[PDB]
Amino acid sequence: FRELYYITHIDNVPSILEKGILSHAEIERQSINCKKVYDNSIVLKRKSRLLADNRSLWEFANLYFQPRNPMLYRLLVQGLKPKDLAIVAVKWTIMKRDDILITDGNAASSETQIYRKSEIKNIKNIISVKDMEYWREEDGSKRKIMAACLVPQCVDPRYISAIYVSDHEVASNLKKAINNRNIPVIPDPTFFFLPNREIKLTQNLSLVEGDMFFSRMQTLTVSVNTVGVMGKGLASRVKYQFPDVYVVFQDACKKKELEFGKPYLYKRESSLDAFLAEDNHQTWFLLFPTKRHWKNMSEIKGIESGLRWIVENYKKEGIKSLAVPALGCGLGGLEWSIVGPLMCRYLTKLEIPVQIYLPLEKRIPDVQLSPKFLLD
Ligand SMILES: Nc1ncnc2c1ncn2[C@@H]1O[C@H](COP(=O)(O)OP(=O)(O)OC[C@H]2O[C@@H](O)[C@H](O)[C@@H]2O)[C@@H](O)[C@H]1O
């Protein structure tokens with residue numbers, strides 16, 4: 001498989017299907033009122049970048065290999081909603097053109113290198129950013145994930161595969177507004193950092209297929225052991241994305257403030273939007289011990305304990321909303337048939353929004369996601 005992706009306001013989709021995907025230079029030349037949302041800070045950065053052969057970056061159209069990236073995230077936290085946005089799919093076939101350029105990351109950034117087709121090396125390395133589900137500044141992944149194919153002047157509408165959209169309601173309105181069965185409108189929340197599936201059990205409790213860290217819950221729970229290693233699993237991702245959490249985990253562990261059955265709440269004053277978005281909600285981390293050593297299995301008395309702790313202390317500690325992952329359901333080697341009900345039993349008591357994040361490496365029978373099973 002492969003497509004390329006252009007992020008735009010959904011108001012522009014008819015204009016694009018008619019005129020094409022135009023460079024920010026071609027919009028000025030043609031005196032078009034393409035009513036879009038990119039902060040002036042970004043616009044004045046993209047223009048001010050010059051290239052080889054008497055050419056600017058704003059003369060090209062930016063087709064991302066991965067649209068689920070810091071730019072899309074920046075637009076959504078700057079007040080724009082998923083219903084306001086559309087990702088326009090462009091066929092692999094545009095790469096056959098010999099007047100295009102390919103960036104190894106964010107075209108604007110100095111550190112990024114733009115190559116012409118002839119002199120490109122390690123393309124399989126560039127296009128792999130399509131498989132990146134998160135990023136960070138330190139390893140440059142926050143730059144690399146916005147790797148793009150730069151097409152000069154315009155992109156002919158005959159190169160457009162489909163238009164991706166946040167939900168079914170936005171799809172119906174666009175299907176009518178473009179009036180062309182031949183161009184699919186696909187609803188896919190995952191492009192817009194929305195869950196793949198949500199099952200509401202109560203007003204507050206829901207089950208979620210998705211990424212916990214792109215949930216907007218105020219407290220993210222993290223399954224840990226009682227040694228000091230976050231070697232493999234979800235803990236591994238926490239160590240790379242949120243290394244200060246790892247340090248707090250170790251410090252708290254070796255000060256007995258985190259024992260098996262005694263969760264530690266890290267009231268992290270860091271802003272998650274600033275780190276994730278391209279450069280005022282708080283995000284805390286709850287360290288929940290589900291086992292003793294990183295080798296041996298998860299114990300149910302350690303979980304029951306931790307869940308009771310949450311019920312007793314969410315008021316005291318000022319937890320506004322909570323994301324817990326399926327506890328011990330991965331490396332721990334416990335089954336959702338046992339943990340699911342146990343977690344629901346306790347977290348249904350919470351008078352705040354709660355998202356239990358279903359295990360992603362594992363098929364749950366549909367009947368084990370019903371409230372009949374989980375709340376009885
Ligand atoms: N981004 C994510 N969003 C939601 N769920 C996720 C995500 N990433 C992983 N999961 C799911 O979370 C579940 C629990 O993750 P694990 O880390 O495997 O938790 P556990 O089984 O309790 O193992 C704990 C052990 O591993 C380390 O995390 C920890 O240091 C301890 O040694 C898994 O089933 C996995 O599918």
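Backbone-built Cβ (ideal geometry, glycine too); neighbour counts: all protein chains shown. Basis: the model, the stated rules and, where named, an outside source; no laboratory instrument gave them.
In this structure, does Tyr159 turn out to be over 18 Å from the mean Cα position of the chain (by Cα) and either of a type outside the set (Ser, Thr, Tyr) or in the same structural domain as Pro14 (by TED's automatic domain parsing) (or both)? Taking the combined requirement at face value, the residue satisfies it.
Do we have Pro289 as touching a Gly at 6+ places or on another chain (Cβ under 7 Å) and not polar (S, T, N, Q) here?
Against the criterion (touching a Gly at 6+ places or on another chain (Cβ under 7 Å) and not polar (S, T, N, Q)), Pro289 qualifies.
Could you list, in sequence order, the residues of the range 184-193 that are crowded, with 17+ Cβ neighbours inside 10 Å and either more than 16 Å from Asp167 (Cβ to Cβ) or of a type in the set (A, V, I, L, M) (or both)? Once the filter is applied, which keeps residues that are crowded, with 17+ Cβ neighbours inside 10 Å and either more than 16 Å from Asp167 (Cβ to Cβ) or of a type in the set (A, V, I, L, M) (or both), the range 184-193 yields only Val185.
So is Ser270 more than 13 Å from the ligand (Cβ to nearest atom) and in a loop (DSSP other than H, G, I, E, B) or not? For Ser270, the condition - more than 13 Å from the ligand (Cβ to nearest atom) and in a loop (DSSP other than H, G, I, E, B) - is met. Annotation note: Cβ proximity below 7 Å between a residue of the range 202-213 that is at positive phi and assigned by TED's automatic domain parsing to the domain that holds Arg237 and a residue that is more than 6 Å from the ligand (Cβ to nearest atom) and among the hydroxyl-bearing types (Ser, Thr, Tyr) (sequence gap 6+ or interchain) occurs for no pair.
Just checking, how many residues over the range 307-338 are hydrophobic (A, V, I, L, M, F, W, C) and under 14 Å from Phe288 (Cα atoms)?
The total comes to 10.
Among the residues of the range 284-304, not a single one is charged (D, E, K, R) and in contact with a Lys or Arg (Cβ under 6 Å, 6 or more places away or on another chain). Assess whether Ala162 counts as being outside any loop (DSSP other than H, G, I, E, B), touching a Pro at 6+ places or on another chain (Cβ under 8 Å), surrounded by 15 or more Cβ atoms within 10 Å (Cβ to Cβ) and small (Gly, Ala, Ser). When the stated conditions are applied, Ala162 passes them.
The single residue among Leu331, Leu327, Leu272, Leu360 that is aliphatic (A, V, I, L, M), in contact with a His (Cβ under 9 Å, 6 or more places away or on another chain) and not assigned by TED's automatic domain parsing to the domain that holds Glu138 turns out to be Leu272. Residue pairs whose Cβ atoms lie under 9 Å apart, sitting 6 or more positions apart in sequence or on different chains, and linking a residue in the range 229-240 that is closer than 15 Å to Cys329 by Cβ to a partner that is near the ligand (Cβ under 6 Å from one of its atoms) and in a helix (DSSP H, G or I), are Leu234/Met212.
Checked against (1) farther than 17 Å from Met146 by Cβ; (2) aliphatic (A, V, I, L, M); (3) buried (at least 18 other Cβ atoms within 10 Å of the Cβ), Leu44 meets all criteria but (3). Within the range 192-201, the residues that satisfy the criterion of being under 18 Å from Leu360 (Cα atoms) and assigned to a loop (DSSP other than H, G, I, E, B) are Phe193, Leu194, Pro195, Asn196. Scanning the range 227-247 for residues that are more than 7 Å from the ligand (Cβ to nearest atom), over 19 Å from the mean Cα position of the chain (by Cα) and crowded, with 18+ Cβ neighbours inside 10 Å returns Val245, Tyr246.
Could you list all residues from the range 77-121 that are under 18 Å from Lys36 (Cα atoms) and part of a loop (DSSP other than H, G, I, E, B)? Once the filter is applied, which keeps residues that are under 18 Å from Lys36 (Cα atoms) and part of a loop (DSSP other than H, G, I, E, B), the range 77-121 yields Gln78, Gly79, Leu80, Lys81. Scanning the range 202-225 for residues that are among the hydroxyl-bearing types (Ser, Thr, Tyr), within 9 Å of the ligand (Cβ to nearest atom) and either within 23 Å of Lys262 (Cβ to Cβ) or in a strand (DSSP E or B) (or both) yields a count of 1. Under the condition of being surrounded by 15 or more Cβ atoms within 10 Å (Cβ to Cβ) and either among the polar types (S, T, N, Q) or over 30 Å from the mean Cα position of the chain (by Cα) (or both), the residues counted in the range 301-332 number 4.
Note on the range 134-159: residues that are more than 27 Å from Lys47 (Cα to Cα) and assigned to a strand (DSSP E or B) amount to 0. Considering the range 185-201, the residues that are β-branched (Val, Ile, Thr) and over 17 Å from the mean Cα position of the chain (by Cα) include one that is farthest from the ligand (Cβ to nearest atom), namely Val185. Pairs are defined by a Cβ separation below 7 Å, a sequence spacing of at least 6 or placement on different chains, a first member in the range 280-305 that is assigned to a loop (DSSP other than H, G, I, E, B), and a second member that is more than 13 Å from the ligand (Cβ to nearest atom) and acidic (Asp, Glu); the pairs so defined are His281/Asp273.
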